[PDB]
Amino acid sequence: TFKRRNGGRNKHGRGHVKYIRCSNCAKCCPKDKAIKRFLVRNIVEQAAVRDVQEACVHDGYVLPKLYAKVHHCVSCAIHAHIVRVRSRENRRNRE
Amino acid sequence: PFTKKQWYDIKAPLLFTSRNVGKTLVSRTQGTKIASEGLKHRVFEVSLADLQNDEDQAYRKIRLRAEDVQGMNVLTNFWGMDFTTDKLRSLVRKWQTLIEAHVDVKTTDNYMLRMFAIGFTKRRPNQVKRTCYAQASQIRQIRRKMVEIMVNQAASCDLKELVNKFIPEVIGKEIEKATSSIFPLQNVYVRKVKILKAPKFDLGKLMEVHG
Amino acid sequence: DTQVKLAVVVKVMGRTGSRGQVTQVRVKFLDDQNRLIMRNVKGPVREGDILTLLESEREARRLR
Amino acid sequence: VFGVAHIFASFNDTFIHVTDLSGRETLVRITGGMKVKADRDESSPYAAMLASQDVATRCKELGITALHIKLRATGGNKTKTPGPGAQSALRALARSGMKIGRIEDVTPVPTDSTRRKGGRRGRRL
Amino acid sequence: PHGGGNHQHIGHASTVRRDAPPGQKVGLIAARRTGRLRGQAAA
Amino acid sequence: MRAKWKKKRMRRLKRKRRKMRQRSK
RNA sequence: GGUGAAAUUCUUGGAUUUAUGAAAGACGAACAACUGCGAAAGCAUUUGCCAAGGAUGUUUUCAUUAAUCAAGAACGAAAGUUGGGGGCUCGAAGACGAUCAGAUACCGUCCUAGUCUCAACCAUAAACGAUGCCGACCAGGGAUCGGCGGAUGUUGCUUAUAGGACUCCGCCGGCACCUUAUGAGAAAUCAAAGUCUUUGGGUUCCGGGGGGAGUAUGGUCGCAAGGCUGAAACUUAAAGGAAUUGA
RNA sequence: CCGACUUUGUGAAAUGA
Ligand SMILES: [Mg+2]
Ligand SMILES: [Mg+2]
Ligand SMILES: [Mg+2]
Ligand SMILES: [Mg+2]
Ligand SMILES: [Mg+2]
Ligand SMILES: [Mg+2]
Ligand SMILES: [Mg+2]
Ligand SMILES: [Mg+2]
Ligand SMILES: [Mg+2]
Ligand SMILES: [Mg+2]
Ligand SMILES: [Mg+2]
Ligand SMILES: [Mg+2]
Ligand SMILES: [Mg+2]
Ligand SMILES: [Mg+2]
Ligand SMILES: [Mg+2]
Ligand SMILES: [Zn+2]
């Protein structure tokens with residue numbers, strides 16, 4: 001019983017994909033099988049933006065954003081609810 | 001415990017807009033642990049935004065060396081530059097390409113250093129192609145062009161004027177108007193200047209760049 | 001010397017807790033009426049209650 | 001007058017380090033664990049609150065009034081996300097009365113790192 | 001110093017001190033360690 | 001991995017049979 | 001430091017933390033894709049040299065020189081074996097700390113061979129598209145990679161055009177992808193797994209219930225682990241595939 | 001192996017008196 005056309009990963013034209021480390025557990029999963037999100041998160045949340053912009057020394061300053069690109073494996077993704085088991089039909093769309 | 005530490009006045013060379021970058025502190029001069037030459041090489045990391053009182057340049061962290069101290073006032077000469085971490089990550093996104101280069105340059109006062117330059121390709125407006133990639137040969141042509149341009153830009157009289165070029169992004173705005181015939185190259189910069197081997201002391205030479 | 005501050009429960013954001021025991025609310029400071037800080041309260045609370053708040057810094061976060 | 005607040009805010013602890021503009025001298029250094037009894041509450045956000053207010057008091061005891069934050073995760077080949085204490089300590093160090101100079105995330109990201117701990121199949125707990 | 005015995009054996013520690021008088025300093029002189037060299041110590 | 005470790009059992013028992021045969025050689 | 005929590009551990013011989021410099025050796029983030037190259041294995045920093053290669057273009061040449069292939073031959077990940085070099089990180093073995101009824105494991109600390117380079121072997125992987133290779137026809141579409149041809153309309157380029165970047169159209173050749181049966185099939189599913197009881201284009205390898213068993217033996221390659229070739233007795237009525245309802 | 005005295009002169013700073 002085959003569950004996915006691409007196998008769960010998107011490798012076509014290759015035979016080998018260099019692997020990466022899960023950010024949670026450090027399981028080794030190939031780069032193009034790993035649930036990759038690029039999250040860009042403010043240093044603070046919106047209860048802590050004015051209390052730092054009324055304490056920034058120089059007026060007109062803008063907060064940075066944590067740009068980082070986290071990698072996860074399938075186990076840590078399912079466990080963290082980054083992704084969910086979708087129905088047989090709904091499983092097929094990519095948006 | 002902190003009653004034996006006295007502050008000093010950190011001030012930057014005269015090629016900068018504003019000076020008096022900050023205050024540091026040393027243990028007062030004993031013998032053997034004399035304070036003056038005891039440290040001698042504090043490397044400070046002052047952003048170019050509050051050395052030129054601007055905010056378009058909240059990137060470009062300029063890194064300064066202390067090279068000699070003068071009576072409760074420590075002199076300083078330029079040492080390097082780099083992006084603040086946050087800038088460069090915001091510069092790199094999917095569906096484009098990143099181009100980088102590096103080159104040793106030796107300037108007229110015998111200063112060896114390294115230039116790391118970076119660029120990214122544009123989307124020309126009306127583009128419906130979802131990506132803007134080069135073809136890995138245009139990449140190498142423009143990397144060669146970047147190295148050639150930067151060598152020709154540099155090899156000039158000193159770091160004095162060489163930072164008079166670093167400040168207004170001379171290398172940047174003069175890269176594309178030489179290499180856009182191959183790609184647009186938006187957000188060309190010089191991500192880093194790493195001073196490799198500082199030559200000597202030259203009391204006399206410090207004191208015109210810094211006053 | 002932390003002096004207790006009073007705040008008014010402007011709107012109840014939810015009823016959190018593992019067992020469903022803690023209300024999770026927004027308190028608006030009476031003393032300086034621009035400080036909206038979000039806290040966990042125990043027991044029945046409805047809108048507008050003046051609330052005795054020993055420590056100010058400790059706040060909840062959405063679905064704490 | 002400025003300092004540099006090397007906030008090493010990882011999991012498992014949060015370290016607040018205040019140094020002069022050149023990094024060669026520690027003005028004051030309180031951890032989240034110095035202020036709690038529990039080896040598990042040494043990483044709670046509250047530890048960062050009181051450990052930050054203690055730094056603020058010691059800095060006003062001494063002369064600096066504004067402070068360049070340098071937020072930092074563990075870095076290296078570990079998580080790049082600053083731990084629970086980062087935002088909390090920043091809130092405390094802002095609201096306790098002090099001025100914050102320029103915010104920046106300086107957590108070491110390698111160009112590419114050595115083997116990371118755990119083995120192939122990772123921490124399977 | 002290793003001599004003799006109804007079996008062949010050294011009979012005492014084969015690592016001798018640096019100052020041991022000539023004629024006693026036979027064996028492994030002033031050895032910091034012994035056994036097969038593994039790991040960093042084999043650098 | 002029942003099949004794998006079965007394979008490994010037979011592998012061990014087969015080195016053991018070769019060990020016995022070079023005795024009886 | 002570490003975890004849900006702890007300790008072994010390091011620590012007033014100043015650990016962790018901060019900055020500066022050095023050294024060593026590994027890895028080449030982000031850009032990085034339903035993307036490229038390769039016979040498969042596999043291949044990501046720069047520049048140079050070396051030789052090779054598909055595709056495209058061609059009013060060049062030769063003219064059947066071709067397809068697939070028992071014997072035979074090359075390459076063949078990781079692990080492994082022998083011997084120099086290196087000894088960063090990680091780490092089978094091993095030792096400890098916890099957990100537990102026990103815990104030879106999961107968790108954590110130290111750590112050997114190993115991980116990297118070279119010389120020499122080994123010859124297997126879920127070596128996967130679980131789909132041999134060559135060829136023909138059959139359905140639709142937009143993407144995208146490479147080359148090429150045709151179109152104006154602008155460039156932060158260009159002594160002006162050309163070119164290069166972008167847009168439109170079309171041919172090949174790739175990896176794919178999306179809808180649909182008029183098809184197939186045990187079905188999942190497949191536009192190639194289709195053009196099969198209305199059965200034949202060519203070619204190689206291979207299976208005949210489940211075990212026993214990839215085992216015994218014999219041979220043969222290998223230093224060794226191993227590899228290649230490989231039964232029978234006897235046992236058994238099911239083993240298995242796809243999908244459906246439930247639990 | 002180690003300390004002191006000795007061959008063993010010249011002058012400079014830092015801590016102790
Ligand atoms: Mg291919
Ligand atoms: Mg493979
Ligand atoms: Mg004897
Ligand atoms: Mg005995
Ligand atoms: Mg220290
Ligand atoms: Mg490519
Ligand atoms: Mg790279
Ligand atoms: Mg096989
Ligand atoms: Mg097979
Ligand atoms: Mg095959
Ligand atoms: Mg095309
Ligand atoms: Mg095409
Ligand atoms: Mg059979
Ligand atoms: Mg099966
Ligand atoms: Mg079934
Ligand atoms: Zn994981």
# chains A, B, ... in the order shown; residues from 1 in each chain; ligands from 1
$ residues_near_ligand --ligand "ligand 10" --cutoff "12 Å" --atoms "only C-alpha atoms (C1' of nucleotides) and all ligand atoms" --output "JSON, numbers by chain"
{"G": [39, 40, 127, 128, 129, 130, 131, 132, 133, 205]}
$ closest_atom_pairs --of "chain G" --to "ligand 1" --cutoff "12 Å" --atoms "only C-alpha atoms (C1' of nucleotides) and all ligand atoms" --output "tab-separated table"
residue	atom	partner	partner_atom_place_in_ligand_line	distance
G:35	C1'	ligand 1	1 (Mg)	11.5
G:36	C1'	ligand 1	1 (Mg)	8.7
G:37	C1'	ligand 1	1 (Mg)	7.3
G:38	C1'	ligand 1	1 (Mg)	7.2
G:39	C1'	ligand 1	1 (Mg)	10.7
G:40	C1'	ligand 1	1 (Mg)	11.4
G:54	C1'	ligand 1	1 (Mg)	9.5
G:55	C1'	ligand 1	1 (Mg)	11.8
G:145	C1'	ligand 1	1 (Mg)	10.9
G:173	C1'	ligand 1	1 (Mg)	11.6
G:174	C1'	ligand 1	1 (Mg)	6.9
G:175	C1'	ligand 1	1 (Mg)	6.7
G:176	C1'	ligand 1	1 (Mg)	11.2
$ residues_near_ligand --ligand "ligand 14" --cutoff "12 Å" --atoms "only C-alpha atoms (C1' of nucleotides) and all ligand atoms" --output "count of residues only"
5
$ select_by_dssp --residues "stretch 97-196 of chain B" --states "alpha helix (DSSP H)" --output "VMD selection string"
chain B and resid 138 to 153 159 to 166 170 to 176
$ write_last_selection --atoms "C-alpha atoms" --output "short mmCIF file (atom, residue, chain, number, x, y, z; two decimals), in the first residue's frame"
data_model
loop_
_atom_site.label_atom_id
_atom_site.label_comp_id
_atom_site.auth_asym_id
_atom_site.auth_seq_id
_atom_site.Cartn_x
_atom_site.Cartn_y
_atom_site.Cartn_z
CA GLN B 138 26.65 34.69 -15.24
CA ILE B 139 27.34 34.05 -11.54
CA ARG B 140 31.03 33.52 -12.13
CA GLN B 141 31.30 36.40 -14.59
CA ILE B 142 29.84 38.78 -12.06
CA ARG B 143 31.99 37.41 -9.27
CA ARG B 144 35.05 38.09 -11.42
CA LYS B 145 33.68 41.55 -12.16
CA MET B 146 33.15 42.22 -8.45
CA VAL B 147 36.71 41.23 -7.60
CA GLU B 148 38.11 43.32 -10.47
CA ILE B 149 36.06 46.36 -9.52
CA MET B 150 36.97 46.13 -5.85
CA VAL B 151 40.68 45.78 -6.56
CA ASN B 152 40.53 48.81 -8.85
CA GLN B 153 38.41 50.85 -6.42
CA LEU B 159 42.13 53.66 5.03
CA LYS B 160 41.27 57.35 5.55
CA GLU B 161 39.84 57.78 2.06
CA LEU B 162 39.08 54.07 1.82
CA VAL B 163 36.53 54.64 4.57
CA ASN B 164 35.48 57.87 2.89
CA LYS B 165 34.40 55.31 0.25
CA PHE B 166 33.00 52.74 2.70
CA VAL B 170 30.86 53.89 -3.13
CA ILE B 171 31.81 50.29 -3.85
CA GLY B 172 28.15 49.33 -3.74
CA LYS B 173 26.67 51.94 -6.05
CA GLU B 174 29.64 51.54 -8.38
CA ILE B 175 29.30 47.77 -8.69
CA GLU B 176 25.94 47.65 -10.45
#
$ closest_atom_pairs --of "chain D" --to "chain B" --cutoff "7 Å" --atoms "only C-alpha atoms" --output "CSV"
residue,atom,partner,partner_atom,distance
D:20,CA,B:24,CA,5.8
D:21,CA,B:24,CA,5.9
D:22,CA,B:44,CA,4.7
D:105,CA,B:85,CA,6.8
D:106,CA,B:85,CA,6.6
$ interface_residues --of "chain G" --to "chain D" --cutoff "7 Å" --atoms "only C-alpha atoms (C1' of nucleotides)" --output "PyMOL selection string"
chain G and resi 18-19+26-29+89-90+106-107
$ write_last_selection --atoms "C-alpha atoms (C1' of nucleotides)" --output "PDB file, in the first residue's frame"
ATOM      1  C1'   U G  18      32.657  38.514  28.150  1.00  0.00           C
ATOM      2  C1'   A G  19      36.407  40.153  24.538  1.00  0.00           C
ATOM      3  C1'   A G  26      36.400  18.346  10.483  1.00  0.00           C
ATOM      4  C1'   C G  27      31.520  20.696   7.788  1.00  0.00           C
ATOM      5  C1'   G G  28      30.562  23.850   3.593  1.00  0.00           C
ATOM      6  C1'   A G  29      24.422  26.985   6.944  1.00  0.00           C
ATOM      7  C1'   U G  89      33.037  17.280  16.729  1.00  0.00           C
ATOM      8  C1'   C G  90      30.223  12.923  17.067  1.00  0.00           C
ATOM      9  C1'   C G 106      15.433   4.688  25.921  1.00  0.00           C
ATOM     10  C1'   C G 107      17.674   9.808  29.162  1.00  0.00           C
TER      11        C G 107
END
$ select_by_dssp --residues "stretch 2-145 of chain B" --states "strand (DSSP E)" --output "PyMOL selection string"
chain B and resi 5-10+22-27+43-47+61-65+77-82+98-107+111-120
$ residues_around --residues "residue C:4" --least-positions-apart "3" --cutoff "7 Å" --atoms "only C-alpha atoms (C1' of nucleotides)" --output "ChimeraX atom specification"
/C:52-55
$ write_last_selection --atoms "C-alpha atoms" --output "compact mmCIF listing (two decimals), in the first residue's frame"
# COMPACT_ATOMS: atom_id res chain seq x y z
CA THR C 52 -5.47 43.29 43.96
CA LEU C 53 -2.19 42.50 42.23
CA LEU C 54 0.86 41.85 44.39
CA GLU C 55 3.40 41.67 41.56
$ closest_atom_pairs --of "chain C" --to "chain A" --cutoff "10 Å" --atoms "only C-alpha atoms" --output "JSON lines"
{"residue": "C:35", "atom": "CA", "partner": "A:51", "partner_atom": "CA", "distance": 9.5}
{"residue": "C:36", "atom": "CA", "partner": "A:47", "partner_atom": "CA", "distance": 8.1}
{"residue": "C:37", "atom": "CA", "partner": "A:47", "partner_atom": "CA", "distance": 7.3}
{"residue": "C:38", "atom": "CA", "partner": "A:47", "partner_atom": "CA", "distance": 8.3}
{"residue": "C:59", "atom": "CA", "partner": "A:47", "partner_atom": "CA", "distance": 9.6}
{"residue": "C:61", "atom": "CA", "partner": "A:47", "partner_atom": "CA", "distance": 9.0}
$ write_last_selection --atoms "N, CA and C atoms" --output "mmCIF file, in the first residue's frame"
data_model
loop_
_atom_site.group_PDB
_atom_site.id
_atom_site.type_symbol
_atom_site.label_atom_id
_atom_site.label_comp_id
_atom_site.auth_asym_id
_atom_site.auth_seq_id
_atom_site.Cartn_x
_atom_site.Cartn_y
_atom_site.Cartn_z
ATOM 1 N N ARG C 35 -1.663 51.136 30.973
ATOM 2 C CA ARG C 35 -0.928 49.896 31.183
ATOM 3 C C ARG C 35 -1.925 48.750 31.208
ATOM 4 N N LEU C 36 -2.036 48.060 30.085
ATOM 5 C CA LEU C 36 -2.856 46.865 29.960
ATOM 6 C C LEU C 36 -1.925 45.664 30.029
ATOM 7 N N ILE C 37 -2.040 44.886 31.101
ATOM 8 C CA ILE C 37 -1.206 43.713 31.326
ATOM 9 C C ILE C 37 -2.131 42.526 31.515
ATOM 10 N N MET C 38 -1.701 41.365 31.059
ATOM 11 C CA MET C 38 -2.575 40.219 30.908
ATOM 12 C C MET C 38 -2.176 39.164 31.934
ATOM 13 N N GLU C 59 3.210 38.051 34.105
ATOM 14 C CA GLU C 59 2.071 38.116 33.211
ATOM 15 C C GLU C 59 1.862 36.759 32.567
ATOM 16 N N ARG C 61 0.710 34.639 29.030
ATOM 17 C CA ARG C 61 0.805 34.756 27.587
ATOM 18 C C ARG C 61 -0.322 33.942 26.966
#
$ residues_near_ligand --ligand "ligand 3" --cutoff "8 Å" --atoms "only C-alpha atoms (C1' of nucleotides) and all ligand atoms" --output "list in words"
residues 1, 2, 3, 4, 5, 7, 8, 9, 10 and 11 of chain E
$ write_last_selection --atoms "C-alpha atoms" --output "JSON list (two decimals), in the first residue's frame"
[["chain", "number", "residue", "atom", "x", "y", "z"],
["E", 1, "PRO", "CA", 67.27, -6.07, 37.53],
["E", 2, "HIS", "CA", 64.66, -8.21, 35.82],
["E", 3, "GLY", "CA", 66.69, -11.35, 36.24],
["E", 4, "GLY", "CA", 66.09, -14.77, 37.68],
["E", 5, "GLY", "CA", 63.07, -16.57, 39.07],
["E", 7, "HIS", "CA", 59.33, -18.28, 36.02],
["E", 8, "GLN", "CA", 60.31, -15.46, 33.68],
["E", 9, "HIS", "CA", 58.78, -12.23, 34.95],
["E", 10, "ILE", "CA", 59.95, -8.78, 35.95],
["E", 11, "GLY", "CA", 58.63, -9.01, 39.50]]
$ residues_near_ligand --ligand "ligand 16" --cutoff "7 Å" --atoms "only C-alpha atoms (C1' of nucleotides) and all ligand atoms" --output "JSON, numbers by chain"
{"A": [22, 23, 24, 25, 26, 27, 72, 73, 74, 75, 76], "D": [122]}
$ atom_distance --atom1 "atom CA of residue D:96" --atom2 "atom CA of residue C:50"
24.2 Å
$ decode --residues "stretch 5-23 of chain E" --atoms "N, CA and C atoms" --output "CSV table (one decimal), in the first residue's frame"
chain,number,residue,atom,x,y,z
E,5,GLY,N,64.4,-16.1,38.6
E,5,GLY,CA,63.1,-16.6,39.1
E,5,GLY,C,62.7,-17.9,38.4
E,6,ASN,N,62.0,-18.7,39.1
E,6,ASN,CA,61.5,-20.0,38.6
E,6,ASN,C,60.6,-19.8,37.4
E,7,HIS,N,60.0,-18.7,37.3
E,7,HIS,CA,59.3,-18.3,36.0
E,7,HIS,C,60.0,-17.0,35.5
E,8,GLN,N,59.8,-16.7,34.2
E,8,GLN,CA,60.3,-15.5,33.7
E,8,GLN,C,59.3,-14.4,33.9
E,9,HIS,N,59.6,-13.4,34.7
E,9,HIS,CA,58.8,-12.2,35.0
E,9,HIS,C,59.7,-11.1,35.5
E,10,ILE,N,59.2,-9.9,35.4
E,10,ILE,CA,59.9,-8.8,36.0
E,10,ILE,C,59.9,-8.8,37.5
E,11,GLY,N,58.8,-8.9,38.1
E,11,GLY,CA,58.6,-9.0,39.5
E,11,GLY,C,58.4,-7.7,40.2
E,12,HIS,N,58.7,-6.6,39.5
E,12,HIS,CA,58.4,-5.3,40.1
E,12,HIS,C,58.1,-4.3,39.0
E,13,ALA,N,57.6,-3.1,39.3
E,13,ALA,CA,57.1,-2.2,38.3
E,13,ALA,C,58.3,-1.9,37.3
E,14,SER,N,58.0,-2.1,36.1
E,14,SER,CA,59.0,-1.9,35.0
E,14,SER,C,59.2,-0.4,34.7
E,15,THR,N,58.5,0.5,35.3
E,15,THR,CA,58.7,1.9,35.1
E,15,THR,C,59.6,2.4,36.2
E,16,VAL,N,60.8,3.0,35.8
E,16,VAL,CA,61.7,3.5,36.8
E,16,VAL,C,61.8,5.0,36.8
E,17,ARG,N,62.3,5.5,37.9
E,17,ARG,CA,62.3,7.0,38.1
E,17,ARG,C,63.5,7.6,37.3
E,18,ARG,N,63.3,8.9,37.0
E,18,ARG,CA,64.3,9.6,36.3
E,18,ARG,C,65.7,9.7,37.0
E,19,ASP,N,65.7,9.7,38.3
E,19,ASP,CA,66.9,9.9,39.1
E,19,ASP,C,67.6,8.6,39.4
E,20,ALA,N,67.0,7.4,39.1
E,20,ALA,CA,67.5,6.1,39.6
E,20,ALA,C,68.9,6.0,39.1
E,21,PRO,N,69.8,5.4,40.0
E,21,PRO,CA,71.2,5.4,39.7
E,21,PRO,C,71.5,4.6,38.5
E,22,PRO,N,72.6,4.9,37.8
E,22,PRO,CA,73.0,4.1,36.6
E,22,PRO,C,73.1,2.7,37.1
E,23,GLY,N,72.6,1.8,36.3
E,23,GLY,CA,72.5,0.4,36.6
E,23,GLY,C,71.2,0.0,37.3
